[PDB]
Amino acid sequence: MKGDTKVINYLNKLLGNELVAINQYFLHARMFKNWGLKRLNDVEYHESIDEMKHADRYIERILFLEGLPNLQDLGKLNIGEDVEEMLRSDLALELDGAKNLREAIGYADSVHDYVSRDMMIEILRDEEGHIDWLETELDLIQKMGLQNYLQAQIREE
Amino acid sequence: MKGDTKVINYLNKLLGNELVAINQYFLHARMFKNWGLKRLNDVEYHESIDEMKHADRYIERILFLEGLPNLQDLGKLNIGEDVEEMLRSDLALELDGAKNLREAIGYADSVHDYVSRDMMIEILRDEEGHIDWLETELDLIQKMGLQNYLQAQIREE
Amino acid sequence: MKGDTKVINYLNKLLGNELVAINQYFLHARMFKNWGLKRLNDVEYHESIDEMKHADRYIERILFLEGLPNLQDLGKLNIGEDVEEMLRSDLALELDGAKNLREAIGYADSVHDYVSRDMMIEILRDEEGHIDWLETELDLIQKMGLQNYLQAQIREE
Amino acid sequence: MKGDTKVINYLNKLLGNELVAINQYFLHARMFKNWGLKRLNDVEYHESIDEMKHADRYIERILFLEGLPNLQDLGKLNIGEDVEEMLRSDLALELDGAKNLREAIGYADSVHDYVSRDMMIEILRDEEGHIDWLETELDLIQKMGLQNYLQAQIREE
Amino acid sequence: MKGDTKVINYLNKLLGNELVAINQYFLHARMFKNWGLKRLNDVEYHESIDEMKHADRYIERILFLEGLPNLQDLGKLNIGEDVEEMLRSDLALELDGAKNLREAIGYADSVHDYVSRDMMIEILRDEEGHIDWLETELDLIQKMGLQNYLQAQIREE
Amino acid sequence: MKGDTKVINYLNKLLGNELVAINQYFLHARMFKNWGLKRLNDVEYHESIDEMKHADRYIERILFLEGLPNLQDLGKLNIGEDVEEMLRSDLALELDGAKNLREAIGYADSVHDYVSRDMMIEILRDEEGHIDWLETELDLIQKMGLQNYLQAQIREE
Amino acid sequence: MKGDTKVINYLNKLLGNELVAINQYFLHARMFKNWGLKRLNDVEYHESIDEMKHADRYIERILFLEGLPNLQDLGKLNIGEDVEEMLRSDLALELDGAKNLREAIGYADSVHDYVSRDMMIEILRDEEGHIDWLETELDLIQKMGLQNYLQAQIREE
Ligand code: ZNH
Ligand code: ZNH
Ligand code: ZNH
Ligand code: NA
Ligand SMILES: [Zn+2]
Ligand SMILES: [Zn+2]
Ligand SMILES: [Zn+2]
Ligand SMILES: [Zn+2]
Ligand SMILES: [Zn+2]
Ligand SMILES: [Zn+2]
Ligand SMILES: [Zn+2]
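Protein chains in written order, with this note's numbering: chain A, 18 to 174; chain B, 18 to 174; chain C, 18 to 174; chain D, 18 to 174; chain E, 18 to 174; chain F, 18 to 174; chain G, 18 to 174.
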């Protein structure tokens with residue numbers, strides 16, 4: 018069913034954000050794991066899987082609308098070297114991605130692609146869940162100090 | 018069955034205390050939860066449900082005695098901004114509520130309303146349990162310091 | 018994540034509505050229970066719990082958006098003295114709340130808060146559910162008479 | 018297997034009767050449901066399903082006999098606006114449809130289409146069950162009065 | 018609850034669309050079954066049931082909003098005589114229904130009927146899934162040829 | 018119970034039809050099995066068992082009516098040498114037997130042997146079932162070609 | 018534990034190969050799924066998961082050896098527009114990655130990194146299995162024709 022060409026462009030843009038976040042959150046998780054921070058490995062691994070499922074939804078919707086999914090261009094990752102920098106970089110990526118989502122949701126409504134809009138609002142709700150987690154962990158680092166925070170990451174939850 | 022006018026006034030006063038405590042302990046719980054202090058969310062949530070059950074008991078006892086439960090007037094909440102301030106706020110509210118309970122329990126005995134007295138003594142025993150938990154947490158904050166105390170709240174118990 | 022000031026204001030207004038409805042539907046339920054109308058007690062009790070769940074959603078959303086939930090201001094309850102008057106007061110309260118909800122849904126869309134909007138639409142569906150039950154019970158009273166209606170409330174459904 | 022042209026015409030006429038009944042029964046059931054008359058919704062919904070199954074049998078038998086099922090021409094519904102008017106309209110529709118069935122059964126026998134005759138007789142047995150229930154409900158309304166009758170419909174049976 | 022007049026007209030127009038598709042997809046299913054194409058009978062039967070469930074949702078919504086569901090005016094079926102023509106005809110019907118849905122969803126938003134809007138978006142998501150299936154089957158016919166395609170329909174999946 | 022002489026004659030005529038079909042179906046089944054067309058073996062074998070059960074019913078009815086079942090005279094089998102010729106021969110046989118069944122059914126009715134008539138109508142329904150399957154398979158051969166059709170018979174269903 | 022710089026460079030080059038393969042096989046799978054070729058979607062999806070597991074192993078090995086996994090540079094995908102072209106593209110990518118693997122396995126032996134060598138031989142056995150499946154499917158297309166091949170992909174195996 019042929020979709021609106023700009024909707025497809027947005028979906029490819031948002032797919033590009035997911036591709037970045039898949040890789041950044043997967044590398045972060047295994048860096049946490051190598052450091053023995055098991056609680057952080059588990060959550061970041063999960064977040065990477067969530068982004069993978071978001072990418073799947075975009076790819077399928079692009080194909081249904083008769084566009085070409087763009088998995089070739091990968092935007093810039095910002096890996097970071099310590100726990101706090103890694104989480105802050107993940108939050109920055111989510112905040113930028115949420116901005117792109119809100120723009121695309123309003124456009125899809127304007128051209129009456131209400132199914133694409135509904136799918137994106139569901140994805141946005143997941144992203145705001147990630148933002149909440151990231152902000153909350155960052156606040157805990159500053160409330161209990163980095164050393165107490167790291168001790169709390171050794172065991173799985 | 019027509020109850021004593023002053024007993025009903027006490028029951029409406031005690032109900033008004035429970036109404037304040039429902040709202041205050043529920044908001045504190047969700048604040049702790051937003052900060053990632055799952056252990057404190059769990060306890061405060063269950064204290065809120067306790068006050069909800071006490072409120073029910075007062076409402077039904079007032080209606081049985083042919084009075085009008087007053088759920089319109091809501092006393093002053095003291096929310097607070099940090100963990101220790103919130104816990105001290107809840108403790109002050111329980112201690113004030115306990116004095117009101119002691120006064121009503123003695124008066125109910127004076128007019129031979131022994132069923133209301135027995136109901137209130139059960140509620141007072143519950144409140145002294147909250148007091149115990151609150152005082153003990155405030156002491157733990159002093160003995161181990163706030164940073165260690167907050168680390169101990171990240172996971173559920 | 019910082020929210021829109023007016024959206025937070027709307028969420029606090031909608032929360033204020035839920036607080037009125039919690040108290041009014043809970044008291045109505047126990048009045049029905051004291052009169053031995055178990056069927057009406059059960060439904061009104063479950064409507065009250067449902068409003069409690071809506072309040073919880075507003076509180077957690079306001080907090081994530083970094084606002085202050087207002088559980089201190091409590092609007093006017095209209096309790097009523099007979100069955101039909103109580104149901105009509107509950108209906109009027111739901112209708113006012115649905116008006117406020119429609120206004121906040123339109124506005125959350127205007128500022129691209131699509132998650133708050135999606136949350137509120139789910140709540141509006143619950144309220145329309147309550148409206149339908151209330152209207153239908155009021156029609157049954159006119160169609161079968163109050164006496165037959167009351168007789169049908171004695172047993173649980 | 019090529020059937021008799023007139024038998025196919027009769028099956029299409031009866032299929033038309035069923036299509037009217039499917040819609041009228043279904044709308045009546047949801048009107049009963051909206052009014053809180055749960056007992057009547059349950060029965061009328063299941064009568065609708067019965068007519069649906071009858072329509073399927075007509076459709077498959079016309080196709081087997083190499084005719085064209087006519088689902089395009091919908092006859093006249095008579096909805097009605099109160100309970101008794103709705104039940105009497107269903108009864109009239111059934112009585113008309115049983116008259117048509119008797120004609121078709123006799124014709125199918127005279128052209129030796131004994132399988133189509135046997136199918137129609139089983140369908141007529143179902144319609145006669147529907148006539149029985151409808152006549153009985155209408156008598157009950159007269160014997161106990163509309164108000165008592167409506168009270169009896171509130172709960173599912 | 019008194020709904021908006023033009024929303025009710027939209028809901029009745031969309032209900033009409035579903036009524037057409039109920040009949041067309043059921044007749045096509047039994048045609049396929051009579052030809053021994055069991056796989057096509059199974060899908061088209063469950064598309065019919067899907068449209069029946071949508072029509073139920075429109076009827077209940079209209080009644081809640083105090084409108085009159087219109088099950089009397091049946092639009093034009095286009096049945097067709099071979100497999101490709103029947104699938105193309107189902108696809109044409111779905112695309113016309115989706116156009117009507119987009120228009121209605123826009124309007125319901127403008128009058129703040131967000132529950133009706135949310136209902137329609139869910140139905141639209143179902144229709145776009147049907148469009149996907151139909152387009153894919155029609156492509157398979159071209160890619161593998163009609164004879165190979167028909168052979169693959171003989172067994173249930 | 019002494020039955021009508023001409024009914025017994027018809028029952029023996031119908032029994033004779035079944036004896037031919039039993040042998041013809043069974044041989045065709047095992048020819049299909051020998052060719053590796055397992056799907057056709059399964060169906061034809063079960064058509065054979067079905068005619069055996071019809072034969073058994075004729076034999077018991079005749080004996081009850083105090084006639085002599087005739088298993089001695091075996092009408093003409095037409096075996097055929099390729100799949101399509103075999104299916105056409107079965108279809109011709111069934112169509113001839115349905116003709117006799119209609120004749121017998123009309124006569125049993127005229128002599129008031131309603132139990133024999135009812136028995137025959139149940140058997141006629143079974144035969145029209147076989148006719149339907151045979152016609153459909155012959156149509157599938159035409160629509161997909163013999164080569165594709167034979168490939169679809171290799172595996173059991 | 019400090020790894021050999023050139024081993025880490027090989028591990029990062031092989032990880033790059035898997036990253037291309039993850040994206041190409043996931044997109045190919047969803048294209049097959051959108052075309053209704055469920056058997057091809059299922060295999061290609063599971064090939065993508067295989068390459069994801071391979072990437073996880075390279076990432077963890079590199080981190081252990083104290084190097085930096087490179088998830089930022091994405092090599093060239095070659096998507097293609099029809100089944101045979103897509104399968105041939107996957108086969109070419111696998112054969113390139115198998116050459117790189119042979120080169121890295123030989124070098125890890127030379128520097129005595131036997132654990133990395135062992136890891137890579139396991140990955141090589143997996144890739145050789147993929148090569149086998151791809152070559153086999155491409156041969157089946159030639160032997161039976163594309164139309165017959167496509168028909169065989171419609172149902173899941
Ligand atoms: C890009 C694009 C992409 C996409 C779309 C995806 C998607 C995906 C999906 C859908 C899944 C399933 C999950 C669930 O459960 O649901 C997965 C899994 C997955 N994954 Zn991934 N991915 C990807 C990439 C990736 C990468 C790049 C990596 C590495 C780095 C990965 C690693 C992974 C893992 C490990 C897993 C799991 C596996 C198993 O199964 O175990 N991955 N994934
Ligand atoms: C005021 C008055 C009042 C009263 C009387 C009450 C009471 C009550 C009761 C009885 C219950 C049940 C539980 C148990 O038991 O377990 C409840 C639940 C409850 N609740 Zn609530 N509430 C109230 C208010 C409230 C509020 C205001 C809120 C918010 C804020 C709440 C929230 C709640 C919740 C969340 C819950 C749970 C529910 C469920 O189940 O889920 N709530 N509560
Ligand atoms: C017309 C033509 C027609 C036909 C033939 C039919 C048929 C039918 C059948 C066969 C079935 C199944 C049954 C049983 O199994 O029990 C049904 C179901 C049915 N259906 Zn329907 N339909 C119809 C129409 C219809 C309409 C129009 C509607 C609406 C109004 C409906 C609604 C319905 C429902 C709701 C159901 C149930 C569904 C389910 O599955 O859940 N429907 N359906
Ligand atoms: Na009465
Ligand atoms: Zn995501
Ligand atoms: Zn309490
Ligand atoms: Zn609510
Ligand atoms: Zn019927
Ligand atoms: Zn539909
Ligand atoms: Zn037979
Ligand atoms: Zn690989």
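By construction, the Cβ of each residue, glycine as well, lies at the ideal position given by its N, Cα and C atoms.
(message) Please identify the residue among E:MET48, E:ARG105, E:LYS160 and E:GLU98 whose C-alpha is closest to the C-alpha of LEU82 (chain D).
(response) As a first step, residue 82 (chain D) is located in the fourth sequence; it is residue number 65 there, counting from the start. For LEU82 (chain D), the nearest C-alpha among the options comes from E:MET48.
(request) Could you name the residues of the stretch 81 to 107 of chain G whose beta carbon sits closer than 9 Å to any beta carbon of chain A, in the order they occur along the chain? (result) Residues passing the 9 Å Cβ filter: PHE81, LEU85, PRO86, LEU88, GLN89, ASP90, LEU91, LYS93, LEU94 and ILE96.
(request) Find the residues of chain G that neighbour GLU77 (chain A), judging by a C-beta separation of less than 8 Å, and give them in chain order. (result) By one-based count along the first sequence, residue 77 (chain A) stands at place 60. Correct list: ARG47, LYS50 and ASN51.
(request) Taking only the alpha-carbon atoms, compute the straight-line gap between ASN87 (chain G) and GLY33 (chain G) and give it to the nearest angstrom. (result) By one-based count along the seventh sequence, residue 87 (chain G) stands at place 70. By one-based count along the seventh sequence, residue 33 (chain G) stands at place 16. C-alpha separation (whole angstroms): 7 Å.
(request) Would you give the residue range spanned by the alpha helix (DSSP H) that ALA121 (chain A) belongs to? (result) Looking up residue 121 (chain A) in the first sequence gives position 104. 100 to 127 is the extent of the alpha helix (DSSP H) around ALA121 (chain A).
(request) Measure the Cβ-Cβ separation of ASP107 (chain D) and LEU151 (chain D) and say whether it is below 9 Å. (result) Here the question's residue 107 (chain D) lines up with position 90 in the fourth sequence. Here the question's residue 151 (chain D) lines up with position 134 in the fourth sequence. For the pair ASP107 (chain D) and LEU151 (chain D), the CB atoms are nearer than the 9 Å cut-off.
(message) Taking the straight line between their C-alpha atoms, what separation do you get for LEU85 (chain A) and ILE79 (chain A)?
(response) Counted from its first residue, the first sequence places residue 85 (chain A) at position 68. Counted from its first residue, the first sequence places residue 79 (chain A) at position 62. Taking the straight line from one Cα to the other gives about 7 Å.
(request) Check whether the Cβ atoms of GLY97 (chain D) and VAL37 (chain D) sit closer than 9 Å, and answer yes or no. (result) In the fourth sequence, residue 97 (chain D) corresponds to position 80, counting from 1. In the fourth sequence, residue 37 (chain D) corresponds to position 20, counting from 1. Between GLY97 (chain D) and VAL37 (chain D), the C-beta spacing is not below 9 Å.
(request) Answer with yes or no whether the minimum CB distance from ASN40 (chain A) to chain G is below 9 Å. (result) Position 23 of the first sequence holds residue 40 (chain A). Yes, its Cβ sits closer than 9 Å to a Cβ of chain G.
(message) Give me the residue from E:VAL100, E:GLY53 and E:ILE76 with the minimum Cα distance to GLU77 (chain D).
(response) For the purposes of this step, residue 77 (chain D) is identified with residue 60 of the fourth sequence, where counting begins at 1. For the residues E:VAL100, E:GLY53 and E:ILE76, the minimum Cα distance to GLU77 (chain D) belongs to E:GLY53.
(request) Answer with yes or no whether the minimum CB distance from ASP73 (chain A) to chain G is below 9 Å. (result) Here residue 73 (chain A) refers to the residue found at position 56 when the first sequence is read from its first residue. It does; some Cβ of chain G falls within 9 Å.
(message) Rounded to the nearest angstrom, what separates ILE171 (chain B) and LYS116 (chain C) at their Cα positions?
(response) For the purposes of this step, residue 171 (chain B) is taken as the residue at position 154 of the second sequence. For the purposes of this step, residue 116 (chain C) is taken as the residue at position 99 of the third sequence. For the pair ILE171 (chain B) and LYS116 (chain C), the Cα-to-Cα distance works out to about 40 Å.
(request) Measure the Cβ-Cβ separation of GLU68 (chain C) and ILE39 (chain C) and say whether it is below 9 Å. (result) Residue mapping note: residue 68 (chain C) aligns to position 51 of the third sequence, counting from 1. Residue mapping note: residue 39 (chain C) aligns to position 22 of the third sequence, counting from 1. Taking 9 Å as the cut-off, the Cβ atoms of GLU68 (chain C) and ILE39 (chain C) count as close.
(request) Please say whether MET137 (chain G) and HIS45 (chain G) have beta carbons closer to each other than 9 Å? (result) Locating residue 45 (chain G) in the seventh sequence gives position 28, counting from the first residue. Locating residue 137 (chain G) in the seventh sequence gives position 120, counting from the first residue. No, Cβ-Cβ distance for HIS45 (chain G) and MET137 (chain G) is not below 9 Å.
(message) Closer than 8 Å to a non-hydrogen atom of ligand 11 - does that hold for the CB of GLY114 (chain G)?
(response) The residue you call residue 114 (chain G) lines up with position 97 of the seventh sequence. Yes, ligand 11 has a heavy atom inside 8 Å of this Cβ.
(request) Classify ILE66 (chain G) as buried or exposed, calling it buried when 16 or more other Cβ atoms lie within 10 Å of its own Cβ. (result) Residue numbering aside, residue 66 (chain G) sits at position 49 when the seventh sequence is read from its first letter. Looking at its Cβ environment, which holds fewer than 16 other Cβ atoms inside 10 Å, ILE66 (chain G) is exposed.
(request) Give, in chain order, every unbroken run of the alpha helix (DSSP H) that is at least 4 residues long and sits entirely within the stretch 129 to 167 of chain F. (result) Here the runs fully enclosed are 131 to 161.
(message) Closer than 9 Å between beta carbons: that is the criterion. Which residues of the stretch 145 to 160 of chain E meet it against chain G?
(response) For the stretch 145 to 160 of chain E, the set of residues with a beta-carbon nearer than 9 Å to any beta-carbon of chain G comprises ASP149, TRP150, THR153, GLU154, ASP156, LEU157 and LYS160, in chain order.
(message) Please state whether the Cβ-Cβ distance between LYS23 (chain A) and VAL128 (chain A) is less than 9 Å.
(response) The residue you call residue 23 (chain A) lines up with position 6 of the first sequence. The residue you call residue 128 (chain A) lines up with position 111 of the first sequence. With respect to the 9 Å criterion, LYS23 (chain A) and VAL128 (chain A) are classified as neighbours on the basis of their beta carbons.
(message) Looking at ligand 5, does it come within less than 8 Å of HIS63 (chain A), judged from the CB to the closest heavy atom?
(response) Stepping through the first sequence from its first residue, residue 63 (chain A) is reached at position 46. False, no ligand heavy atom lies under 8 Å from that Cβ.
(request) Give the single residue among A:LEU141, A:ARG74 and A:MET18 whose Cα lies nearest to the Cα of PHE43 (chain G). (result) Within the seventh sequence, the letter at position 26 stands for residue 43 (chain G). Across the set A:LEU141, A:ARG74 and A:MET18, the C-alpha of A:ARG74 shows the shortest separation from the C-alpha of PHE43 (chain G).
(message) Can you give me the C-alpha to C-alpha distance between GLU144 (chain D) and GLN164 (chain G), rounded to a whole angstrom?
(response) Position 127 of the fourth sequence holds residue 144 (chain D). Position 147 of the seventh sequence holds residue 164 (chain G). A direct Cα-to-Cα measurement between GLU144 (chain D) and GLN164 (chain G) gives close to 51 Å.
(request) Using the Cα positions of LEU118 (chain D) and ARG134 (chain D), report the straight-line distance between them to the nearest angstrom. (result) Position 101 of the fourth sequence holds residue 118 (chain D). Position 117 of the fourth sequence holds residue 134 (chain D). Pairing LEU118 (chain D) with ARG134 (chain D), the inter-Cα distance amounts to about 10 Å.
(request) Answer yes or no: do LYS55 (chain C) and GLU154 (chain C) have a C-beta to C-beta separation smaller than 9 Å? (result) For the purposes of this step, residue 55 (chain C) is taken as residue 38 along the third sequence, with counting starting at 1. For the purposes of this step, residue 154 (chain C) is taken as residue 137 along the third sequence, with counting starting at 1. Not in contact: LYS55 (chain C) and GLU154 (chain C) (Cβ atoms no closer than 9 Å).
(message) Only counting the same chain, and skipping five residues up and downstream in sequence, which positions put a Cβ closer than 7 Å to that of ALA121 (chain G)?
(response) For the purposes of this step, residue 121 (chain G) is identified with residue 104 of the seventh sequence, where counting begins at 1. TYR27, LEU31 and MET137, listed in sequence order.
(request) Kindly list, in the order they appear in chain E, the residues whose Cβ is closer than 8 Å to that of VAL132 (chain A). (result) Within the first sequence, residue 132 (chain A) is the residue found at index 115, counting from 1. Identification of chain E residues near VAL132 (chain A) by a Cβ-Cβ cut-off of 8 Å yields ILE138, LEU141, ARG142 and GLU145, ordered along the chain.
(message) Cβ closer than 7 Å: which chain D residues qualify as neighbours of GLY162 (chain C)?
(response) On the third sequence, position 145 is the one that residue 162 (chain C) refers to. Going along chain D in sequence order, the residues near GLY162 (chain C) (Cβ under 7 Å) are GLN164.
(request) Quick one: grab the DSSP three-state call for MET18 (chain G). (result) Taking the first residue of the seventh sequence as 1, we reach residue 18 (chain G) at position 1. Three-state result, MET18 (chain G): coil.
(message) What are the residues in the stretch 111 to 127 of chain C lying within 7 Å of chain E by C-beta distance?
(response) Flagged, chain order: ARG119, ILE122 and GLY123.
(request) Would you give the residue range spanned by the alpha helix (DSSP H) that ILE76 (chain B) belongs to? (result) For the purposes of this step, residue 76 (chain B) is taken as residue 59 along the second sequence, with counting starting at 1. Element bounds for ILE76 (chain B): 55 to 81.
(request) Count the other C-beta atoms from every protein chain shown that fall within 10 angstroms of the C-beta of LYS19 (chain E), then say buried if there are 16 or more, exposed otherwise. (result) Here the question's residue 19 (chain E) lines up with position 2 in the fifth sequence. So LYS19 (chain E) ends up on the exposed side.
(message) Below 8 Å, is the gap between the Cβ of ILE96 (chain E) and the nearest heavy atom of ligand 3?
(response) Counting from one through the fifth sequence, the residue named residue 96 (chain E) turns up at place 79. No, the Cβ of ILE96 (chain E) stays beyond 8 Å of every heavy atom of ligand 3.
(request) Helix, strand or coil for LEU32 (chain G), going by three-state DSSP, please let me know. (result) Within the seventh sequence, residue 32 (chain G) is the residue found at index 15, counting from 1. DSSP places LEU32 (chain G) in helix when its eight states are reduced to three.
(request) Quick one: measure Cβ to Cβ for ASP126 (chain G) and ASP21 (chain G), integer angstroms, because I've assumed they're closer than 8 Å. (result) Position 109 of the seventh sequence, counting from 1, holds the residue named residue 126 (chain G). Position 4 of the seventh sequence, counting from 1, holds the residue named residue 21 (chain G). No, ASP126 (chain G) and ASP21 (chain G) are not in contact; Cβ-Cβ is about 12 Å, not under 8 Å.
(request) Drop a sphere of 10 angstroms on the beta-carbon of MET161 (chain E), count the other beta-carbons inside from all chains shown, and report buried for 16 or more, exposed for fewer. (result) For the purposes of this step, residue 161 (chain E) is identified with residue 144 of the fifth sequence, where counting begins at 1. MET161 (chain E) is buried by the Cβ-count criterion.
(message) Please list, in chain order, the chain C residues whose beta carbon lies closer than 8 Å to that of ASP21 (chain E).
(response) Stepping through the fifth sequence from its first residue, residue 21 (chain E) is reached at position 4. Neighbours of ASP21 (chain E) on chain C: none; closest Cβ ~12 Å, over 8 Å.
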